[PDB]
2 protein chains.
Amino acid sequence: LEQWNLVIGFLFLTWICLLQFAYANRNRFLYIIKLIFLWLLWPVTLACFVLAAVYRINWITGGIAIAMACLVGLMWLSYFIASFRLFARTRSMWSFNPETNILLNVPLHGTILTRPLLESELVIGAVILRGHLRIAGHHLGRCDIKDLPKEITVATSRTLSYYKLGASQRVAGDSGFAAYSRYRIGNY
Amino acid sequence: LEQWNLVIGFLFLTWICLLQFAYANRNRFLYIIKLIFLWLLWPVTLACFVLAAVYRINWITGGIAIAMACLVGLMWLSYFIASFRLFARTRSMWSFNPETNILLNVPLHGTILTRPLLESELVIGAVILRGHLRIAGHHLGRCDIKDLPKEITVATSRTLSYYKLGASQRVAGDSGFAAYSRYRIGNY
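Residues numbered from 1 in each chain as written, not as in the entry; some residues may be left out. Chains lettered and ligands numbered in written order. Heavy atoms only, no water.

For this deposited structure, the header cites cryo-EM as the method used and 3.52 Å as the resolution.

Identification of chain A as Membrane protein from Severe acute respiratory syndrome coronavirus 2 is taken from the PDB entry. Per the header of the deposited record, the title is "Cryo-EM structure of SARS-CoV-2 M protein in a lipid nanodisc". The heading Function (literature references left out) in the UniProt record of chain A holds the text "Component of the viral envelope that plays a central role in virus morphogenesis and assembly via its interactions with other viral proteins (By similarity). Regulates the localization of S protein at cis-Golgi, the place of virus budding. May act by binding cytoplasmic c-terminus of S." UniProt annotates chain A under Sequence similarities with the comment "Belongs to the betacoronaviruses M protein family." (UniProt positions renumbered as here; feature names shortened; annotations may be inferred.)

Given below as structure tokens:
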């Protein structure tokens, strides 16, 4: 049974190792690895509760573990049905993340890049670092001040909020810094 | 031995429960709870490796677990000595966090609020949401457009970077949005 303990040790060790390089340098491969890695936390939690409930000798702790496993499974299925409700409308793979059900669509370089967004703030920042665009902690790619998006969107079940570009601030040679004020909330 | 399994189940359940309320509404109490909660991940990882190594029957897996426990302990002590090197200069409690060793000092309402900062970007955003100031995901407090800081600092072992306020953008009634361009890097 120590194999599962060594597996959780490997998981914890690599997750700790994730907190020295990937937190600063944001790569799409590393981000999606971290995302699917957080998505697998729910089944391993359920597995821990299951292996706690299999060896039931007394009924108090076993009943507590069974009730909590039922609750966490119910809320996991609630999250699954929420992600299904989102994906039935926005039709985006990033709607199946365990982080949030709030989507950010940015039309950069023609392709619509979709990223998870924390809370859909009324004003959304856009920061240019050495010609690289980042919005809400997501490095969308290499976009200098000339090709900045004009209008982006925030997608949600029965909600689409349009965000219009504000003023652009050219400073420190090539770095730029701009705001997205909320325009309107619709569902056509 | 199932008590430790139920403890890790409680930890995972409450950490999953943390991903529905505290991620959107940022409270200082909830943030510091999450911070000390991430700080206790290192000893529980070491404990998992220790309980994997105590029941050594074969030598291959036991040796692998012992070597990995030694490596994770060595890097944990490296992190401890890094935090000590930081705290010997900046003298701030927030230097003892497992997230980052990059400090952000903001002079808001007279008191110098210090927060962890991800990577010390050359341009730092400041967003006003309903009269509340947030910088790099940290809700520093209630600060409208009038009392915005003039100059903030980023603290680091043998580094202090001064950040000067840029242009201020008043939009949507009371919301504001401003930039901190890097001024100079010193250590006096």
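K.L.:
Now, about the overall build of chain A: what can you tell me, with residues and values included?
P.N.:
On a plain count of helices and strands, chain A comes out with four helices and eight strands. When the helices and strands of chain A are placed in sequence order, the string is α-α-α-α-β-β-β-β-β-β-β-β. Its C-alpha atoms give chain A a radius of gyration of 21 Å, more than 25% over the compact-globule value 16 Å for 188 residues. Its C-alpha atoms give chain A principal-axis dimensions of roughly 70 × 40 × 25 Å. Taken over 188 residues, chain A has a buried fraction of 44%. Taking the intrachain contacts of chain A between residues at least 6 apart in sequence as the baseline, contacts between residues at least 24 apart amount to 47%. Per element, the accessible surface of chain A, about 10,200 Å² overall, is 63% carbon and sulfur. Distance from the positive charge centre (18 side chains) to the negative charge centre (8 side chains) of chain A: 6 Å. (Helix = DSSP H or I, 4+ residues; strand = E, 2+ residues; numbered from the N terminus. Rg over C-alpha atoms; globule rule 2.2 N^0.38 Å. Buried < 20%, exposed > 50% of the residue type's maximum accessible area, 1.4 Å probe, protein only. Contact = heavy atoms within 4.5 Å. Areas by Shrake-Rupley, 256 points an atom, 1.4 Å probe, with all protein chains shown as cover. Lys, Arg positive; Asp, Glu negative; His and termini not counted. Charge placed at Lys NZ, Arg CZ, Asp CG, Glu CD.)

K.L.:
I'd like a description of the sheet that holds strand β6 (residues 151-156) of chain B, backed by residues and values.
P.N.:
Residues and elements named next belong to chain B. Here we have eight strands laid out as an open sheet, ordered β2-β1-β6-β7-β8-β3-β4-β5, and antiparallel in their pairing. Lying at the two open borders of the sheet, with one neighbouring strand each, are β2 (112-116) and β5 (138-142). Sheet twist, expressed as the average angle between the axes of neighbouring strands with direction ignored, equals 25°. Bridging between strand β1 (residues 103-107) and β2 involves five bridges; their strand directions are antiparallel. Each bridged residue has a counterpart across the sheet, and for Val106 the counterpart in β2 is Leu113. (Pairing = 2+ DSSP bridges. Axes fitted to C-alpha atoms, helices over the stretch in contact; angles between N-to-C directions.)

K.L.:
Tell me about the interface of chain B and chain A, and name the residues and values.
P.N.:
Counting residues at the interface gives 51 residues for chain B and 50 residues for chain A. When the buried area of chain B at its contact with chain A is split by residue, B:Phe12, B:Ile16 and B:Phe177 rank highest and sum to 14% of it. On inspection of chain B and its partner chain A, the count reaches two residue pairs in polar contact. Elements with a minimum of two residues in the side of chain B that touches chain A: α1 (2-21), α3 (41-54), α4 (59-90), β3 (123-129) and β8 (177-186) of chain B. (Buried area = accessible area lost by both parts, 1.4 Å probe. Polar contact = N/O pair within 3.5 Å; in protein donor to acceptor, adjacent residues only side chain to side chain.)

K.L.:
Break down the domain arrangement of chain A for me, citing the residues and quoting the values.
P.N.:
All names here are of chain A. Taken domain by domain, chain A holds domain 1 (2-96) and domain 2 (103-186). One C-alpha centre belongs to domain 1, the other to domain 2, and the line joining them spans 30 Å. Each partner contributes to the interface: domain 1 provides nine residues, whereas domain 2 provides 12 residues. Across the domain 1/domain 2 interface, buried area totals approximately 960 Å², and carbon plus sulfur atoms make up 56% of it. It is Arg26, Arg89 and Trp94 that lose the most area in domain 1 upon contact with domain 2, and together they represent 53% of the buried surface on that side. Linking domain 1 to domain 2 there are three residue pairs in polar contact. The set of elements that each furnish at least two residues to the side of domain 1 that touches domain 2 consists of α2 (28-39) and α4 (59-90). Sort the elements by how many residues they give to the side of domain 1 that touches domain 2 and α4 lands first, with four residues. When the residues that make up the side of domain 1 that touches domain 2 are grouped by side-chain class, the tally is three nonpolar, two polar and four charged. (Domains from an automatic or database assignment. Nonpolar A, V, L, I, M, F, W, Y, C, P; charged D, E, K, R; others polar.)

K.L.:
Give me the lowdown on a nonpolar patch on the surface, citing residues and values where you can.
P.N.:
On the surface, a cluster of nonpolar side chains totalling about 420 Å² of accessible area is made up of A:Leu1, A:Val50, A:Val54 and A:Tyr55. With respect to the helices and strands, A:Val54 occurs in helix α3 (residues 41-54). (Patch = residues over 30% accessible without salt bridge, like charges linked within 9 Å, V, L, I, M, F, W, Y side chains within 5 Å. Salt bridge = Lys/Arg side-chain N within 4 Å of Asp/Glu carboxyl O.)

K.L.:
I'd like a rundown of the UniProt feature "transmembrane region" in chain A, residues and numbers included.
P.N.:
Residues and elements named next belong to chain A. Residues annotated by UniProt as "transmembrane region" correspond here to residues 1-20, 29-54 and 60-89. Spanning residues 29-54, this segment combines 96% helix with 0% strand, and its end C-alpha atoms are found 37 Å apart. Helix makes up 100% of residues 60-89 and strand 0%, with an end-to-end C-alpha separation of 44 Å.

K.L.:
Residues and numbers for the relation of the copies chain B and chain A, please.
P.N.:
You can overlay chain B on chain A at an RMSD of 0.0 Å; the transform is a turn of 180° with a shift of 0.1 Å along its axis. Viewed as a symmetry operation, the transformation between the two copies matches a two-fold axis. Identified as the residue of chain B closest to the rotation axis by C-alpha distance is B:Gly125, at 3.5 Å. Same-surface contact between copies: 98% of interface residues of chain B are shared with the interface of chain A. (Least-squares fit on C-alpha atoms.)

K.L.:
So what's going on with the nonpolar core? Residues and values would help.
P.N.:
With 26 residues, the main nonpolar core has A:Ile8, A:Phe12, A:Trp15, B:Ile8, B:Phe12 and B:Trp15 as its most contacted residues. Elements represented by at least two residues in this core include exactly α1 (2-21), α2, α3 and α4 of chain A together with α1, α2 (28-39), α3 and α4 of chain B. Excluding its chain neighbours within four sequence positions, the residues that come into contact with B:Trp15 are A:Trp15, B:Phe37 and B:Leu38. (Core = buried A, V, L, I, M, F, W, Y, C linked by side-chain atoms within 4.5 Å.)

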